[PDB]
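Written out below as structure tokens is the structure these notes cover.
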């Protein structure tokens with residue numbers, strides 16, 4: 002798989018993998034404004050209080066991206 006535990010979201014592998022996801026969704030999402038994925042993920046982390054807060058804000062971000070590019074929906078940035 003990838004990992005067994007779940008009490009170390011501060012691990013490089015963790016943030017790393019997540020960073021790639023956000024970068025992938027954005028790419029296919031077709032957007033441009035903020036600094037960059039790396040910068041976006043970094044902010045979310047420092048903005049989060051726990052592995053949940055981050056994983057939460059991250060998911061919403063990725064999902065919102067898929068919708069914007071998905072079209073035929075609301076999509077409000």
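In the authors' numbering, the protein residues as written are 2 to 78.
For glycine and all other residues, C-beta sits at the position ideal for the given N, C-alpha and C.
* In terms of alpha-carbon separation, which member of 27, 12, 17 lies closest to residue 71? -> By one-based count along the chain shown, residue 71 stands at place 70. Ranking 27, 12, 17 by Cα distance to residue 71 puts 27 first.
* To do: Using beta-carbon positions only, say whether residue 60 and residue 68 come within less than 7 Å of one another.
  => Taking the chain shown and counting its residues from 1, the one referred to as residue 60 is at position 59. Taking the chain shown and counting its residues from 1, the one referred to as residue 68 is at position 67. No; because the gap between Cβ atoms is not below 7 Å, this pair is not in contact.
* **Rounded distance between the beta-carbons of residue 62 and residue 49, thought under 8 Å** => Residue mapping note: residue 49 aligns to position 48 of the chain shown, counting from 1. Residue mapping note: residue 62 aligns to position 61 of the chain shown, counting from 1. 12 Å between Cβ atoms; not a contact.
* Since residue 38 contacts residue 24 with CB under 8 Å, what's their CB separation in whole angstroms? -> Counted from its first residue, the chain shown places residue 38 at position 37. Counted from its first residue, the chain shown places residue 24 at position 23. Indeed they touch by this definition, with Cβ atoms about 4 Å apart.
* Should residue 42 be labelled buried (16 or more other beta-carbon atoms within 10 Å of its own) or exposed? -> Your numbering for residue 42 matches position 41 in the chain shown. Buried: at least 16 other Cβ atoms inside 10 Å.
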